[PDB]
DNA sequence: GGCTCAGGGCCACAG
DNA sequence: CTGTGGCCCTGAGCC
Ligand SMILES: [Zn+2]
Ligand SMILES: [Zn+2]
């Protein structure tokens, strides 16, 4: 029921410090791990919408970092255990954000 | 020690 | 062929 603060897709859960989808997760890795770097000709921060998120990769990347996606969470190495020192924040934020009881 | 919780890899389908 | 977006498996984490 929640949408990504960047691309706007349905979130699959907590990824990189935010409620994000596999599109964010996958693209974020594809960008950061492969050391990709882009640049927008004008307006480095365009309107990141469902269509315009495809035309501006740089703006989408900037959007990710801006909305709060951890760049340090990108284990470009290989180790699937990409839980760094900010690992606790996931369950912490989740417990505060939801705080729903059992 | 075990169940959870989230991330990285490779995939399959869409441009 | 290239790429978005995803499901899957492994791994850090916490209970
Ligand atoms: Zn997303
Ligand atoms: Zn742009």
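Chain A uses Swiss-Prot numbers throughout; the residues present, in order, are 10-111.
Header lists the method as solution NMR.
Even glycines carry a Cβ here, placed using N, Cα and C.
For reference, Swiss-Prot has these:
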type	residues	note
DNA_BIND	A:10-85	DNA-binding region
ZN_FING	A:13-33	zinc finger
MOD_RES	A:34	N6-acetyllysine
MOD_RES	A:38	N6-acetyllysine
ZN_FING	A:49-73	zinc finger
MOD_RES	A:72	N6-acetyllysine
Rounded Cα distance in angstrom between residue A:72 (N6-acetyllysine) and residue A:38 (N6-acetyllysine) is 14
DSSP output for residue A:72 (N6-acetyllysine) maps to helix
Given the zinc finger (A:13-33), its same-chain partners at Cβ distance under 8 Å and 6+ residues beyond its ends are 57-59, 62, 69, 72-73, 76-79, 82-83, 95, 98-99, 102-103
Taking DSSP helix as H, G and I and strand as E and B, the DNA-binding region (A:10-85) has 29 helix, 8 strand, 39 coil
Taking all protein chains shown into account, the Cβ-based neighbour count within 10 Å for residue A:34 (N6-acetyllysine) is 18
Counting Cβ atoms within 10 Å of each Cβ, the densest environment among the modified residues A:38, A:72 belongs to A:72
